[PDB]
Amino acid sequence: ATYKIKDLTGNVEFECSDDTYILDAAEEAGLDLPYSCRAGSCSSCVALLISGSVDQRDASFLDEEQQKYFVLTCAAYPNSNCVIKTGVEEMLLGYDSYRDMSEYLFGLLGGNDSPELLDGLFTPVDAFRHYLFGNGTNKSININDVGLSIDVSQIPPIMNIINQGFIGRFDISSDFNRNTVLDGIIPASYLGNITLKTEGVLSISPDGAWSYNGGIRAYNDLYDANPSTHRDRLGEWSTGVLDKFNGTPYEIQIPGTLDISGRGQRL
């Protein structure tokens, strides 16, 4: 019947019955896959065939060997659920053996895992491992799982209003920097400084009593610390590793909203 296709390029999954070409099913789901011709006679749509059976008798550009490892998405019907990696044109031309592509494949594992970072004590070293071997695919951790303890008095753009003596009702919509050292050793060992945004209402009475009610969201944070920072957060064993292995920066998505409330009395 219908089989699921996972494209490791961007970690997207789309349905495809056994009478639809893989490329058309992808476009049907709004996906912009590569193609030049559309008749099984070039390599513009070539994808790695990581796992699954495909019927590509319509394919003519790949021979018998390449068909064991690659698939023309415009000319192939699925026979099972499939994993593919689109956009690997340079690979097909230079392909020699499994051996010669195994390092590239080992590098795809990080992106094929769940994007969600491991929790607890694993989160910072999971982040560092993905830096070493993940080749830039995004990871994620909900803002509610990061372990932040944000007090209103730690939010400069709100305290900026309070401390200038203003009185009244203020619609807050501000970015601010959060040094997660204030929050705990776990977030401080892979996130460091992060950019947050708060939206809400600050009320300040004639006599300086204030309240704030709103939410906090987080921008994606770029994991690209230098070795000196890795040494501060993880220790000099990280420096010995980075002396031999280069990291690849990637984004940590931090979805969700953190509710925030606070009250105080000025001066």
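Sequential numbering from 1, following the sequence displayed.
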Between 88-96 and 112-120 (mean CA B-factor, as deposited), the higher: 88-96
Segment of higher mean CA temperature factor, 251-259 or 12-20: 12-20
Residue, from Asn81, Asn193, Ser189, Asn135, that the PDB entry assigns the highest Cα B-factor: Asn81
Identity of residue with top Cα B-factor, from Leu49, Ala225, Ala26, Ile216: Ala26
Chain thirds of CA B-factor: placement of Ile161: middle
CA B-factor ranking of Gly240, expressed as a third of its chain: lowest
Assigned third (lowest, middle, highest) for the C-alpha B factor of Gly208: middle
CA B-factor ranking of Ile141, expressed as a third of its chain: lowest
Chain-relative CA temperature factor third for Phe170: middle
